[PDB]
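Shown next as structure tokens: one chain only, the form deposited in one PDB entry.
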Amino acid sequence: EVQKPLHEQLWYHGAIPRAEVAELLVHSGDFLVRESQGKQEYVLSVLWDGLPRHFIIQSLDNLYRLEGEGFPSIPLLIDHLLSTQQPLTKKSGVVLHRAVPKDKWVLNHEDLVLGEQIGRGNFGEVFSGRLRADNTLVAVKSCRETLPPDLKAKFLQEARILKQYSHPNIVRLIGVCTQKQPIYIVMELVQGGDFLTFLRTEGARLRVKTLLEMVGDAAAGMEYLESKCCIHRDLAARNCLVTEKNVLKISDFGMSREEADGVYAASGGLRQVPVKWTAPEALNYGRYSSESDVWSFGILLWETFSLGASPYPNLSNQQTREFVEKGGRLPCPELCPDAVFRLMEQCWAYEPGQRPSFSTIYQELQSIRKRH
């Protein structure tokens, strides 16, 4: 193990952000080695006094050192530090205890070949791609480095959330490319593309039973997320994907948050918030919950039965907020069955407590589908 090159080491995390480093180091003396992207130097990061401390690994004459003896490799230096329990510096008194290994999701850049751009996300371009070992087709999310540091720190959040999930109607994570820059999140490629485009393109061809089945799939995904205490915050037709077999999967988890007690209080600082899909209390007071996702689901129902129409077309975001406060809601689409519209109206109840649960939504849609 110690003989292996640094890049192969389990405790070498390459280009992971400082914010990810803080997540990984749990106990005193927990440590990892990484490459500092800015300075192009290796860094030993260690938890001491409750906070990560970052030591620059010096290199001279092909020997790696801190303030003591030098070694011909960084793994030999780490082994010396761990085995002797010598403080990394006399001044700091930091002593290594446990090497924090990469998880199973970390992926090498070499494993992946990037293809054509397939869309644009808030963090940057999404590309199609290929895993070289088996020809598995993937979607690859990128993060533009010119984004503000506060926001870039949020990019890996979607991967951290999705690592936990497995469901037929939730997009599947494949891995995270964080050993070098540029950083990528890698997911299964969903062949049919986004649901909004599907609705607009397939259009008059789609049967009501088919639409009910697809939104039923979305309700199943949302029920599963609610069960995991996940609040998606960006549910919309454009953020649902369609498989080659017309199964719908929820995707685009960049804004999603896990809250044990069911409420996420927004920073207030979000840019490009999808105002037309967002519940009033979430905009007004920053209160996000499964109930605010339910409001979004009502908009998704509207998008589905209007075959991809844009909501509140004649209103600005601010005008939409004012319109909704006055009791305004979207009109019933022609193709929308009366029962679906009644459910849609319940989803848009002003008080979040009055809105139906995702289980109720799934069951009601399923029951409607059986008579269509």
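Residue positions are given as counts along the sequence shown, with the first one as 1.
Heads up, the form solved in complex with a partner chain isn't pictured, but that's what we're talking about next.
> Select from the listed residues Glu158, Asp234, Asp217, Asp194 the one whose heavy atoms reach within 4.5 Å of its partner chain in the deposited complex.
Of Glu158, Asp234, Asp217, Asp194, the residue with a heavy atom within 4.5 Å of its partner chain in the deposited complex is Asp234.
> To verify the annotation, which of these, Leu151, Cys229, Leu270, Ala99, has a non-hydrogen atom within 4.5 Å of its partner chain in the deposited complex?
Answer to the contact question: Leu270.
> When its partner chain is placed as it is in the deposited complex, which of 186-194, 128-136, 270-278, 74-82 ends up with heavy atoms within 4.5 Å of it?
Of the options, only 270-278 has residues within 4.5 Å of the partner.
> Wondering, does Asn317 line up within 4.5 Å of its partner chain in the deposited complex on heavy atoms?
Yes - in the deposited complex, heavy atoms of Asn317 and its partner chain come within 4.5 Å of each other.
> Give a yes/no on whether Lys249 approaches its partner chain to within 4.5 Å in the deposited complex, heavy atoms considered.
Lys249: no, not in contact with its partner chain in the deposited complex.
> Decide whether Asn239 counts as a contact residue for its partner chain in the deposited complex under a heavy atom distance cut-off of 4.5 Å.
Yes.
> May I ask you to check whether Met255 falls inside a 4.5 Å heavy atom distance of its partner chain in the deposited complex?
The answer is yes: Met255 has a heavy atom within 4.5 Å of its partner chain.
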